[PDB]
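A single chain, nothing else alongside it, follows as structure tokens in the form deposited in one PDB entry.
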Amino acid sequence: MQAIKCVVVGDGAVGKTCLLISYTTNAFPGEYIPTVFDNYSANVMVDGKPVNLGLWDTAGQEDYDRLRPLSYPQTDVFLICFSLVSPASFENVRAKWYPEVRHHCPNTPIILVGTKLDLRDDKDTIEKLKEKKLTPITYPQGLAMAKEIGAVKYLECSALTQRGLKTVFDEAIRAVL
């Protein structure tokens, strides 16, 4: 049976841990957002054919340029994430994430994931952004970033509403079969 290592990278502001927890438990954790997601594997069926999917978090390692790539070798697929309501995180895809992922794993597929889709239509968030002379990241922006880096897909999701979440990981698998 096919085993799949999937590493999830991006800024603290994406909610990496939350995303993974929300995907795996089928529910936004709500009460308390845990800071720890331990390496996970589980059997799922994709286009019929069952698959063992492996998920590694990278949260905590965002300031450790030489430690993060320890997780990189033998990865079957990367999720490079940015938060849709953080322009900085989006720009970091280009400035930080894609470069180190390519430098170490030149032929490994990347899915570009915009997280926090539920906050893109949120007054308080939008206003918090307007105050810094910024706006949320829109769909054509993600598509164009995806092209620029060689992502096989650009996908949007919310851990909160679960919208696009299952699809993200389905597509992570489809990019390896």
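Numbers for residues come from their place in the sequence shown, where the first is 1. In this text, rigid core is short for the largest set of C-alphas that superpose within 1.5 Å between two forms.
Absent from the display: the form deposited in another entry. The rest refers to it.
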Rigid-core fit between this form and the one not shown, the member of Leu119, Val152, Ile149, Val46 whose C-alpha shifts 2 angstroms or more: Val46
Rigid core superposition, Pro140 Cα moves 2 angstroms or more between this form and the one not shown: no
Core-superposed C-alpha of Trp56 shifting 2 Å or more between this form and the one not shown: no
Distance trend in that other deposited form - C-alpha atoms of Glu171 and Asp47, change of 3 Å or more: farther
Pairwise C-alpha change, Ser89 versus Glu31, in that other deposited form against this form - closer or farther, 3 angstroms or more: closer
